[PDB]
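Quick heads-up: it's one chain on its own, the form deposited without the partner chain, in structure tokens.
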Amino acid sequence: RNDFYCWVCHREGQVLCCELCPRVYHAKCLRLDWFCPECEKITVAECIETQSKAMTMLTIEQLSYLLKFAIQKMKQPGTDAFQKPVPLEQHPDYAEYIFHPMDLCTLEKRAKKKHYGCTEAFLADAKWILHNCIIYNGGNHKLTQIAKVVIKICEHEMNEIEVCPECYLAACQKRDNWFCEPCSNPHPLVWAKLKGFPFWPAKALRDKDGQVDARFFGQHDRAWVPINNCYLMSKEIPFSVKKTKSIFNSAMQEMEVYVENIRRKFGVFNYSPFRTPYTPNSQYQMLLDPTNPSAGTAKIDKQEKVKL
């Protein structure tokens, strides 16, 4: 049955009904057979023609395995009040206000039964936990603060699956040298300079608004770096004054383990001349002959269904 409280502001009043789901909205909270914004986002994300790069590389069963790790991060210590359904015997008026209850145990069971076709659908279902807490307990209750942090963890984990599902699973399991594991579409290796930090080796995971999502060898920290401050990996080092030599040496050692792993899996790794700029979705390091780019990639391909 249809909800009585607006999905945006969590208050009652004259509200519009979605044709596909039980959510309701004030016309003014959206600034104008109707399908709500949650249903529109999910439909686009689950259509093969408009699905994300992460969804193109995953089956529904594979996505269910990654959502189980996201549930573990959402179940932080102190989230006890949201780990099981609200006991109606202990709050006898709960169902007079909450028509669509949700909790972390129910969210975990729906993920296991392969109910979710995209990351957007898991976050949209998780959000009933916060919406219900605000209606019943109030916007300034101690439990509402806990529910807001649970939703922010869920948002972060969905964003991490979408950046690269293989990096996500490697970071979850933490095998020895997990950061040196190459992905099926290998991330280019760069020298990256962040303002105020020395030039350092990093993996380039994404390109957005003239920036590169860099993941640094050694500490495994991350930052958006300007594209003009990124060069393809080279033997000559762009020198920077550094506080501790041994930390730089460990990062370079870990970087050389990643390069040998790449050469075993794909059969090639091309270092570039000094100060060669990084370009979006660079293919230079995988070329069969770096002086003949028209010849293309070295990857032979054996029609492998390998993935899991």
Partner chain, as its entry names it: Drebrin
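Residue numbers count along the first chain shown, from 1.
Undergrad: Please figure out whether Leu32 and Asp33 are truly consecutive in the deposited sequence or have unmodelled residues between them, and give none, 1 to 3, 4 to 9, or 10 or more.
TA: Going from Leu32 to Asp33, the model skips 4 to 9 residues of the deposited sequence.
Undergrad: On average, are the C-alpha B-factors higher in 73 to 81 or in 203 to 211?
TA: Mean C-alpha B-factor is greater for 73 to 81.
Undergrad: When the Cα temperature factors in the entry are averaged, is it 190 to 198 or 135 to 143 that ends up higher?
TA: Looking at the record's C-alpha B-factors, the answer is 135 to 143.
Undergrad: Looking at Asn229, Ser234, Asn185, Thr119, which one carries the largest C-alpha B-factor according to the PDB entry?
TA: So the option with the highest C-alpha B-factor is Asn185.
Undergrad: In the PDB entry, which of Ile60, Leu66, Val268, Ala54 has its C-alpha at the highest B-factor?
TA: Of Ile60, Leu66, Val268, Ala54, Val268 has the highest C-alpha B-factor.
Undergrad: Once the chain's modelled residues are ordered by C-alpha B factor and cut into thirds, is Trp128 in the lowest, middle or highest one?
TA: It falls in the bottom third of the chain.
Undergrad: Could you look up the Cα B-factor of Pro165 in the entry and say which third of the chain it sits in: lowest, middle or highest?
TA: It falls in the bottom third of the chain.
Undergrad: Split into thirds by Cα B-factor across the chain's modelled residues, where does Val306 land: lowest, middle or highest?
TA: Its C-alpha B-factor belongs to the highest third of this chain's values.
Undergrad: Is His91 in the lowest, middle or highest third of its chain when residues are ranked by C-alpha B-factor?
TA: Middle third, going by the recorded CA B-factors of the chain.
Undergrad: Place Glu181 in the lowest, middle or highest third of its chain's C-alpha B-factors, as listed in the PDB entry.
TA: Tercile = highest for this residue's CA B-factor.
Only in words, not in the display: the form solved in complex with the partner chain, which the text now covers.
Undergrad: The partner chain isn't shown here, but in the deposited bound form, which of 83 to 91, 96 to 104, 149 to 157, 229 to 237 has heavy atoms within 4.5 Å of it?
TA: Single hit among the candidates: 149 to 157.
Undergrad: Name the single residue among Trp128, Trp191, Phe216, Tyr116 that comes within 4.5 Å of the partner chain in the deposited bound form, judging by heavy atoms.
TA: None of the others qualify; the residue that does is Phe216.
Undergrad: Hey, in the deposited bound form, does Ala111 get a heavy atom within 4.5 angstroms of the partner chain?
TA: Because no heavy atom of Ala111 falls inside 4.5 Å of the partner chain in the deposited bound form, the answer is no.
Undergrad: Taking 4.5 angstroms as the cut-off for heavy atoms, does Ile247 touch the partner chain in the deposited bound form?
TA: Result yes; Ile247 sits at the interface with the partner chain in the deposited bound form.
Undergrad: So, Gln173 and the partner chain: in the deposited bound form, are they within 4.5 Å at any heavy atom pair?
TA: Heavy-atom contact with the partner chain at 4.5 Å: absent for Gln173.
Undergrad: Should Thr79 be classed as touching the partner chain in the deposited bound form when contacts are defined as heavy atoms within 4.5 Å?
TA: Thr79: yes, in contact with the partner chain in the deposited bound form.
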